[PDB]
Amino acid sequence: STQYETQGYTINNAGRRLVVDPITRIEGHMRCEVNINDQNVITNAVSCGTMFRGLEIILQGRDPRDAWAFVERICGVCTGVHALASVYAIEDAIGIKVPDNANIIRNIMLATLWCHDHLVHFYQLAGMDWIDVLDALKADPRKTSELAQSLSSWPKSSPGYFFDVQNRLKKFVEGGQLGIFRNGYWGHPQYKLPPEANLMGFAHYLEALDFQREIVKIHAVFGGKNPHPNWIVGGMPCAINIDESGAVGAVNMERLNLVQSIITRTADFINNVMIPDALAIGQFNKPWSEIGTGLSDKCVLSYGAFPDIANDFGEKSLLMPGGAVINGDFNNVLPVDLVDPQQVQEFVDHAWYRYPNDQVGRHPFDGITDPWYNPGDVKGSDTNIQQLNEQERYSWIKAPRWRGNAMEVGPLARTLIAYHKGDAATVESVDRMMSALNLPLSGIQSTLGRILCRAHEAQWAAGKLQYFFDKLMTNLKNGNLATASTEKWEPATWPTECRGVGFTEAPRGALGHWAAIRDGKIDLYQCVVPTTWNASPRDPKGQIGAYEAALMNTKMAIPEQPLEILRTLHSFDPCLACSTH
């Protein structure tokens, strides 16, 4: 066993080793290992991506116009965000400017995804870490109605409703076929909600499972389908026709009416179901404002997103701010440049890849994806990993750093950047939210905080959907219908050699696609995706990523039942297919 210091942490692999494989209630394949000391406190944390597909290799030789369709399939959970980054990247390489309506519709696609993804994560993925579903069977339906009505104007709150939900659950469990509830952590002492709050939460889990299907109707209108909508280089393919013959063959007034009806219902559900539930989880789990801080009080990163001025990706255009904080200095939000080779770099000394020199980090325009499964001694065999060897290569996830710093990305990172750049809406929302919980600002830099920030982002995005829809309708009123630029659709119009970056803020954090085009085809396509940052393995200096840092120093009540580990990992909303691509 060894011990070393990094980022204020003592990394110590003495003591009992615990393995959590598979991690569930995530997208894709992750393994986690920890060591715990004699006080059952984590002294070592190991994040491992247990899948790889190789989209950066598959994209070579494709037509740049087809790239979005391939890379969209990086992930069906964050569906669409890789398509958006792809068309941005190709447009940046070739020098294409899209019409305003295309930009607006792309912003609608992204806000729709934020709403949908954050909602499903809250209930279906993270929810059962905080809601003891079986304990709901003990709730009094009238007290449940009373609790719900105290927290929200939401209509669906009758005692009869909560009895009916409880009875449904009782009948489900009675025959022993507990399905997704089988062999859960129910009754663990870290479940702190009273029975009435567990029944309210469970009822909302079911309401959210139903309602989330509606949100993506917006993606069906503009993008044909969800999951995995369609896009084009040059704008969007959903041509508009309001008042001419053949409007039946296009986005028309009836299609836009459908979109508006979805936006309203989406805001109403998030504001009156998700938001109060998130605040309730906070009220009943305040000690988790002090657990899982990790890198969130040290180093956070946003590239920014939602350009409101079409084809302008600068600070005055992006509605979601970009910037970096390092060394815990939130008074100096630093500018991020994705072309600068000294900024974003990826290491593979602790990952299953080959570089000519594994001690140096490669900017994505110099990126290499040469898979090399080489786990070393893992106390088993190459096909039987009993214990990862975190002194050597232990993951299919590359290790991104920013100016050599290990960063956290995602909703909490974004909130902190916007807050400290002085975004007024963000300051007021954050201050009001922490005031309501009677917690200091620092309480946001936590596992609880990640959940709170995610819910507040769903609210933000639902508001922006309306703003963007109104912008589109203003252009239509003014007779501005254009949805595609095709001046540079034909490969004969492109530079022989060019490269470009497409970037955005996906639901999980900062996303970039770096593309080099030569002779009409993709020569290089490198992706660095938010869970790549957060779930990163170590680097040549031994620095730990966001997941490992957030797990460090965490008490476990019951070692064999990894609820604390799940709570903190799920708070980051891991998408492993994204991380590895």
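We number the residues from 1 along the sequence you see.
- Higher mean CA temperature factor between 167 to 175 and 499 to 507: 167 to 175, per the PDB entry.
- The mean C-alpha temperature factor is higher for 430 to 438 when 430 to 438 and 393 to 401 are set side by side.
- The entry lists C-alpha B-factors for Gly422, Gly224, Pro411, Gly127, and the highest of these is at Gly422.
- When the Cα B-factors of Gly367, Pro194, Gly235, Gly76 are read from the PDB record, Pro194 comes out highest.
- The deposited CA B-factor of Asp21 belongs to the middle third of values across its chain.
- For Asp268, the recorded CA temperature factor ranks within the middle third of the chain's modelled residues.
- Sort the modelled residues of the chain by CA B factor and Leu569 lands in the lowest third.
- Ranked by C-alpha B-factor against the other modelled residues of its chain, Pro189 falls in the highest third.
- Residue-level temperature factors show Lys138 in the highest third of its chain, judged at the C-alpha atom.
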